[PDB]
Amino acid sequence: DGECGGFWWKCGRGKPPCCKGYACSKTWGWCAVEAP
């Protein structure tokens with residue numbers, strides 16, 4: 001039961017466990033789906 005964030009949540013270098021398919025970004029300051 002890994003925790004998941006949302007579509008555009010705020011995160012550091014991947015501290016908060018985002019949802020499957022979502023990636024966090026320290027330069028951006030948030031976590032979202034890795035489309036690009």
# chains A, B, ... in the order shown; residues from 1 in each chain; ligands from 1
$ residues_around --residues "segment 31-34 of chain A" --least-positions-apart "5" --cutoff "7 Å" --atoms "only C-alpha atoms" --output "list in words"
residues 7, 8, 9, 10, 11, 18, 21, 22, 23, 24 and 25 of chain A
$ atom_distance --atom1 "atom CA of residue 30 of chain A" --atom2 "atom CA of residue 3 of chain A"
15.8 Å
$ select_by_dssp --residues "chain A" --states "strand (DSSP E)" --output "mmCIF file with N, CA and C atoms, in the first residue's frame"
data_model
loop_
_atom_site.group_PDB
_atom_site.id
_atom_site.type_symbol
_atom_site.label_atom_id
_atom_site.label_comp_id
_atom_site.auth_asym_id
_atom_site.auth_seq_id
_atom_site.Cartn_x
_atom_site.Cartn_y
_atom_site.Cartn_z
ATOM 1 N N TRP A 9 1.441 17.776 -7.419
ATOM 2 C CA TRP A 9 1.657 18.076 -5.969
ATOM 3 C C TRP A 9 3.068 18.631 -5.761
ATOM 4 N N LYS A 10 3.341 19.202 -4.616
ATOM 5 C CA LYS A 10 4.706 19.768 -4.375
ATOM 6 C C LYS A 10 5.616 18.733 -3.714
ATOM 7 N N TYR A 22 3.738 8.738 -11.850
ATOM 8 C CA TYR A 22 4.059 10.170 -11.558
ATOM 9 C C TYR A 22 5.514 10.300 -11.088
ATOM 10 N N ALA A 23 6.185 11.353 -11.485
ATOM 11 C CA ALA A 23 7.608 11.552 -11.065
ATOM 12 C C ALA A 23 7.777 12.915 -10.387
ATOM 13 N N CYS A 24 8.571 12.978 -9.346
ATOM 14 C CA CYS A 24 8.784 14.278 -8.634
ATOM 15 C C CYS A 24 9.961 15.034 -9.257
ATOM 16 N N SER A 25 10.022 16.323 -9.042
ATOM 17 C CA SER A 25 11.134 17.130 -9.626
ATOM 18 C C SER A 25 11.663 18.150 -8.614
ATOM 19 N N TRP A 30 7.808 20.140 -7.776
ATOM 20 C CA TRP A 30 6.496 19.429 -7.677
ATOM 21 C C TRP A 30 6.582 18.025 -8.298
ATOM 22 N N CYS A 31 5.505 17.282 -8.235
ATOM 23 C CA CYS A 31 5.491 15.901 -8.807
ATOM 24 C C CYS A 31 4.309 15.737 -9.766
ATOM 25 N N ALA A 32 4.567 15.271 -10.965
ATOM 26 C CA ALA A 32 3.469 15.076 -11.961
ATOM 27 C C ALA A 32 3.806 13.909 -12.896
ATOM 28 N N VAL A 33 2.879 13.515 -13.736
ATOM 29 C CA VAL A 33 3.147 12.379 -14.680
ATOM 30 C C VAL A 33 4.352 12.710 -15.572
#
